[PDB]
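> Show me how the following folds:
(4 chains)
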Amino acid sequence: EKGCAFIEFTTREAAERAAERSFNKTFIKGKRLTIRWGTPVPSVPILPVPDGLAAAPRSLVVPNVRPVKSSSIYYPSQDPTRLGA
Amino acid sequence: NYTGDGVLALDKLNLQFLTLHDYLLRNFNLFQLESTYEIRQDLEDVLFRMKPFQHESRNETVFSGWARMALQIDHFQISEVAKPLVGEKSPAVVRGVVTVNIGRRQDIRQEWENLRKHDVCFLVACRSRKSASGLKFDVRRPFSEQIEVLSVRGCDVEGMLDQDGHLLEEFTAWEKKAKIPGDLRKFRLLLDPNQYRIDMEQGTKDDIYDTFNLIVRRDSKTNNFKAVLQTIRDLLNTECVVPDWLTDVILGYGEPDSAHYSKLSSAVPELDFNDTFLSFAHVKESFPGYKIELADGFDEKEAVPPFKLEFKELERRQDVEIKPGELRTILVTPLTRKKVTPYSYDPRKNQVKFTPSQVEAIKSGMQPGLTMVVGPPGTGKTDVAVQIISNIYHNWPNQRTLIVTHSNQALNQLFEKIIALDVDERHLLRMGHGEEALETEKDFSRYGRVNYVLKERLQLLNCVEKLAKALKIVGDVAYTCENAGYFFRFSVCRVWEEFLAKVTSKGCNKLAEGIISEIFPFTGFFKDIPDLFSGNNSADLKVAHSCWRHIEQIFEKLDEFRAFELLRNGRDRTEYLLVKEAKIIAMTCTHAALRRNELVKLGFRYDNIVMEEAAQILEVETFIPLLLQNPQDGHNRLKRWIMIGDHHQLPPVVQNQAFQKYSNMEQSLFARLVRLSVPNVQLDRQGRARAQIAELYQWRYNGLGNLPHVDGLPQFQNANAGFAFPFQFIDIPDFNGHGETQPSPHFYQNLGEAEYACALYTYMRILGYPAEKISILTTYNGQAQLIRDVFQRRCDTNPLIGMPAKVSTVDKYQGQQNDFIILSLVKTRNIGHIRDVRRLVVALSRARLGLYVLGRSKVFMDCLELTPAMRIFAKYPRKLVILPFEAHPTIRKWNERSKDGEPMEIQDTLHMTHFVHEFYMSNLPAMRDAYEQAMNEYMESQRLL
Amino acid sequence: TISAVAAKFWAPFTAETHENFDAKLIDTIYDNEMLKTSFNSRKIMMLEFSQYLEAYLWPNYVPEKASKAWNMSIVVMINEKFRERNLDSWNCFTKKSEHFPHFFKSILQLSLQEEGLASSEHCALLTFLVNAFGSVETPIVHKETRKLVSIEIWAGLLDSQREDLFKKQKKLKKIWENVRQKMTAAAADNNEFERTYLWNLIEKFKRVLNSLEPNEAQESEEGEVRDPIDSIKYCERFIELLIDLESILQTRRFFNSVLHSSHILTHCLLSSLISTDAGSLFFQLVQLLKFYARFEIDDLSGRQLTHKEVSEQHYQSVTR
Amino acid sequence: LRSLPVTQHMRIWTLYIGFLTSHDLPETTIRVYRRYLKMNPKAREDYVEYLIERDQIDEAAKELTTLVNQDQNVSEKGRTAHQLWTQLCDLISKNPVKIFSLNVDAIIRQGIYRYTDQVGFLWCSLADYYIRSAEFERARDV
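Numbers count the residues shown, from 1 in each chain, chains lettered A, B, ... in the order given. Next comes the structure:
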């Protein structure tokens, strides 16, 4: 989006050598870089949020709804691993 | 892993103990074991969240994670090891200094910078067991397979070290807005001298104290463990001077009523009930079965509160007694309280028409000894509590009262109530680590009250200056309270006595009528009461004494404030306030354990304990507040112990299975004394919820009924809008083929109930229920996380719906309430810990206006212990019957079928979530338009301010 | 399964149509569901959850028909109600209190009955006594356990040991002479069981503890060698019973002289079981008993002795 | 004291203590002296000498422990800790019936661990403490 990227090296010694050996030195496609430090739940409808917003009427329309006639992780507290953090 | 099958070599907290050293020693052992287990669970949790791993080209361990409770330490060293004192074996002190980078989170930063004296931190040395290309941790695996904790040492914390190495005192936080530079901080620590000795005397070279790499801080509700243990050890070493009237019932010997005022000789037959009674009619009502009569010279047209009551059956004479052919007799004298000010002062007074069972508790709370009052949910236990405080405060103003409470939340509610009573704002003191966040608009902390005294001292001295001007007195009699005191005794008092002489020595045989309007000296002081004197010497002499007590009260107040001119250090001002100025001191039971050693050193003295929520406080933490003062002689000086609580609600949250279930540490002292059949009053008129809702739990209590207004108020007469029945047990069938689910041991969930609760809460919101009035509860900690996650996805993202008032477990919602509760009974295979009737009574008693218990009927309907509640649930449908055309609020009565349309019956979570989708969608414009209108006027009406 | 039988015979939701009472079902369920399964916890928890005691075992209890299986299965369900902990265990007896005195006495006789009960049935009986001695507040139970630990149990002390107690507290001698005449003039048919029970139970424990001696592991005349583990649980439940008797002053006052005079700590501490790894929890219980067995208290007055007083009395003792 | 500046109180205390210590008022003088020692801690050596003269041996012992726990290189009477502690055992071990607050035996054995020049004396001091107490069987044990 912005013409930016970030790299994290496993060690700072790598990062420091990368910094000094690359400091504003040219790369062809980059012309010259600048370097600087630093699921839906089955069968549950999802309510459409109205656009641009982010009490009741005292007469309500009642819709003519009539009944119908493995599972896995959906939420983070269901995940046994994320429950450890 | 204790199942209840085996014997264990543990002590037990049964009803009775052999001796006081037996009692203390069992508490020490079991609390030491439990608190050690709690430390384990916290440290294992934190060390997973810090995610340690070994650096892939070095020996050293580095932390890939982060946790609110811990920071890695940049350096640590022991800076002092003072030689043992005479007659002492361990070093006198062992002081660490630790350096931590606080990191760049402002919320986390405030917590580390508020580590106070006697906070407990663990210095931890740890390594990863696992070296891998990335690493993950699972609570399903044993912690010792993943992380090695090669050492832990606890320490007390002394304060933050400043710019260069001075200890910041507690008062710096109010003035240190010139913040310490940078993100590094240093803290000074006190190591345990006994473990230091043990570490050295065993020989060391790979010395432990170099190895630490984390410091882990516990939360304030568990920091007290070392102070609890320290207290009990001292009482075992010294003479634990429990009151002679009290040690028997703590051990459970003698008659259980040996501490009750019916048996104690020190009970007083004459009691000034103050504003306890609103009217003389209320006195008659408050004592059924007693003859109530006015004393001679009073008439029922004129008998108005206050009243003294004399209970003749507490007198030792025969001449007035329960004599044959006559009832027990109460003599009522109305009291003319001689007012102390000529201004239009409106006295703050009680406005609660206490029921007879509340008055019986108030009466017992004014008498010395042990008073237990069982307070079922919604029965006014807070107002009984405050009335005992206020009556004691007025009947015996030299006495001091210590208030103990399980939670800061209830301690807040109590102080809001007391401030509506006639208690003087300077006599109240509140203490805690909550004092940085008090929600009351008046600050009752040590800092708050010191500033109040300093503020009021100035405005009183302005009245002294104004009074000196009225007396035409010259020279600065208002530089100081001390100057004002000499000015009062020499000048104000002299002139007043010279006025009383001119009245009395002349007298009405040669005083001119209305001359008191002329010879009264302070007329210029009251220059903004017009028509102060009427021109009648009999009345003007009375209002003159009213004016005098107004002036006299000012210099009385000043003479108490003189100490704030001599004591100029901020600390000493709080120590004077804590030991001399305050008469009502309020403190959580947790904080009472921490502050004991300070309070004993300060010579803190108190005469009455009032406890609320006493059934939730541990046996140990209930006992410690008895001993926050030295005995002044061979015996204690405590006069009253009032315990207010309810043993039919949840116990203290002991969480190790064995220490909970085998050693019975889950028994609070309130519950223990009730099992000993100590006399206890039970408040028996609920007022907070529908009679229909109340019926779900008042079967547990003996005679718990409803206040008269529970039948009368429109909110209890009218139905819940859009529900055909004010409560239901809704039988939730399996959702996506799963009933309950269990992603960890003893961590239960049920997505079908969680999705139904979300649609049901959303249904209420489409009906126009306020989100503040609905709270979602569940019995298990697991589902409470899932309900949060469901709502954080499906509600919180939509501003029309919004988040409920609170999503919680039942156990955390103990003592809270809301109008509407959706309760998820997670279990589907076998009945849970909800089989404990104390879980059930709490769970069912949280709603005021509607309770909708989601659950599986077949798991619960067959249980014996739940049957008294389930026979009420069973009389209403298992399917939720809804009236989608009734917007909130409805005018329909709770018991009548609606005529505006036909109800529909929600089959399951699928039908509910499919209905609510169409119901939301179909009403969405009309609901949106109301929000667009409401959000405009909300911002616009404040936009001019 | 339990649920099908429960639905047919006692489950309250079938109260319109469940069968008329059959006593022989109790013998069947106990043999088949409890005893033959070695008291399978799942089975028993389903029985207790299904109101088996409150609907079936106790309302139909008549003492002239109460078999061993009937008395035992009531004990099993109460132990289940107790390990649940959250429950008012003694509730159905506190309602129908009439036959509880006969029931409890029969449970005592089953404890001394040597033949015809499995070791796992004895652990259940002894567990019930730990429970019964623990619930001192329920008066229907307390009026029973109080009879087992009263001054009459000093009939088993040596005359020299009993005399030392009367020197310690003179007024006991007047009380004892009243007891001595009373306990031979009347009610001896009842009172002789009550006063000798714990003395006989101590002996029954000694025999169980001696059955774990390694010399007993030579082949029996039948051929089997019994599994230690149920006998070990009985010994561990017993030291818990002694601790509970010593931890409560009203029992301690009379029982402490019985615990000493019986030398039960010696028989425990010298046993093989203390030395084994299997008895490692037994070892910890005996140390907890040995603490209470000579605690800093004067049992006849309840007075706490001080660290100085206890030390000074020790020096005076050894000097004499 | 309340009325005057704290820096003028030395002109008052020397009269206040001087008045009190001229009379047989030990219970009052104790409470006044422990107030005075908050502003002038140097006077604690004179307070000890007062307490001994008034036979307040149990309080004289406590204040001596405070002087010893204040591990001065030299006190305001020229006595080092190894002198002040020697006073504490002379005052303790000769007064067993009266020294009721301190754990005497824990002091004297802790000396022996520290004052290795005179172990043979301190064992007699500890044993003689019990002999004066007539606890002859503890004397033998020592």
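> could you list every residue that touches residue B:337?
By Cβ atoms under 8 Å, 6 or more residues apart in numbering or on different chains, residue B:337 lies in contact with residue B:306. C-beta: built from backbone N, CA, C; applies to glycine.
> Which part of the stretch 201-320 of chain C gets nearest to chain B, residue-wise?
Ranked by Cβ to the nearest Cβ, the top residue of the stretch 201-320 of chain C for proximity to chain B is residue C:284, at 3.6 Å.
> wait, isn't that residue in contact with residue B:10?
No - the criterion here is Cβ atoms under 8 Å, and residue C:284 misses it with residue B:10 at 9.4 Å.
> Comparing those two, which residue is more hemmed in?
Per other Cβ atoms under 10 Å in any protein chain shown, whichever of residue C:284 and residue B:10 has more neighbours is residue B:10, with 19 against 16.
> List the backbone torsions phi and psi for the residue nearest to that one when sequence neighbours are not counted.
In this structure, residue B:10 finds its nearest non-sequential neighbour in residue B:663, 4.7 Å apart by Cβ to Cβ, 6 or more residues apart in numbering or on different chains. Backbone geometry at residue B:663, expressed as degrees, to the nearest 10, gives phi -80, psi 0.
> residues in contact with residue B:663?
B:8, B:10, B:11, B:12, B:13, B:30 are the contacts of residue B:663 under Cβ under 8 Å, 6+ apart.
> and if we set it to 7 Å?
B:10, B:11, B:12, B:13, B:30 (Cβ atoms under 7 Å, 6 or more residues apart in numbering or on different chains).
> what's the answer for residue B:160, then?
Neighbours of residue B:160 in contact, by Cβ under 7 Å, 6+ apart: B:113, B:115, B:168, B:185, B:187.
> Need those residues in JSON lines (columns: secondary structure).
Below are those laid out as JSON lines (DSSP: H, G, I helix; E, B strand; the rest coil):
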{"residue": "B:113", "secondary structure": "coil"}
{"residue": "B:115", "secondary structure": "coil"}
{"residue": "B:168", "secondary structure": "coil"}
{"residue": "B:185", "secondary structure": "strand"}
{"residue": "B:187", "secondary structure": "strand"}
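> which one of the residues you listed sits closest to chain D?
residue B:168 (23.9 Å).
> Quick check: the closest one vs residue B:184, distance?
If you measure residue B:168 against residue B:184 using Cβ to Cβ, to the nearest Å, the figure is 15 Å.
> So between these two, which is more surrounded?
residue B:168 (18 against 12).
> That one contacts residue B:162, correct?
Yes - the pair residue B:168 and residue B:162 passes the contact test of Cβ atoms under 7 Å, sitting 5.5 Å apart.
> Now do the residue nearest to residue B:10 against chain D, distance only.
Residue B:663 sits 33 Å away from chain D, going by Cβ to the nearest Cβ, to the nearest Å.
> Likewise for residue B:884?
With Cβ to the nearest Cβ as the criterion, residue B:884 and chain D are 77 Å apart.
> Look at residue B:474 and say how many residues are nearby.
8.
> First-to-last residue distance for stretch B:808-820?
Taking Cα to Cα, to the nearest Å, stretch B:808-820 runs 14 Å from one end to the other.
> I meant to write stretch B:4-19 there.
28 Å.
> Same check on stretch C:288-307?
19 Å.
> Please apply the same query to stretch C:34-43.
Start-to-end, stretch C:34-43 (Cα to Cα) is 7 Å.
> Could you pull out the buried residues of that stretch?
C:34, C:35, C:39, C:43 (16 or more other Cβ atoms under 10 Å in any protein chain shown).
> farthest-separated two in these?
Spanning the widest gap among those are C:35 and C:43, at 10.5 Å by Cβ to Cβ.
> name the element residue B:90 belongs to?
Using DSSP states H and E, residue B:90 falls within no helix or strand.
> What about the nearest residue in space to it that is not next to it in sequence? Give its phi and psi, please.
Once flanking residues are discounted, residue B:90 sits nearest to residue B:193: 3.8 Å by Cβ to Cβ, 6+ apart. Dihedral angles of residue B:193 (phi, psi; degrees, to the nearest 10) stand at phi -60, psi -30.
> Quick check: nearest residue in space to residue C:258, chain neighbours excluded?
residue C:153 (5.7 Å).
> can you pull the buried residues of stretch C:224-241?
C:228, C:230-241.
> Kindly report the same for stretch B:572-581.
In stretch B:572-581, counting by 16+ other Cβ under 10 Å, buried: B:573, B:574, B:575, B:576, B:577, B:578, B:581.
> likewise stretch C:181-193?
Buried, per 16+ other Cβ under 10 Å, within stretch C:181-193: C:183, C:191, C:193.
> Residue B:157 pairs with what?
residue B:119, residue B:189 (DSSP bridges).
> Which residues lie in contact with it in this structure?
Neighbour list for residue B:157: B:115, B:117, B:119, B:121, B:187, B:189 [criterion: Cβ under 7 Å, 6+ apart].
> Which of those residues are buried? Put it as a PyMOL command.
Of those, the buried ones go into a single PyMOL selection, burial set by 16+ other Cβ under 10 Å:
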select buried, chain B and resi 115+119+121+187+189
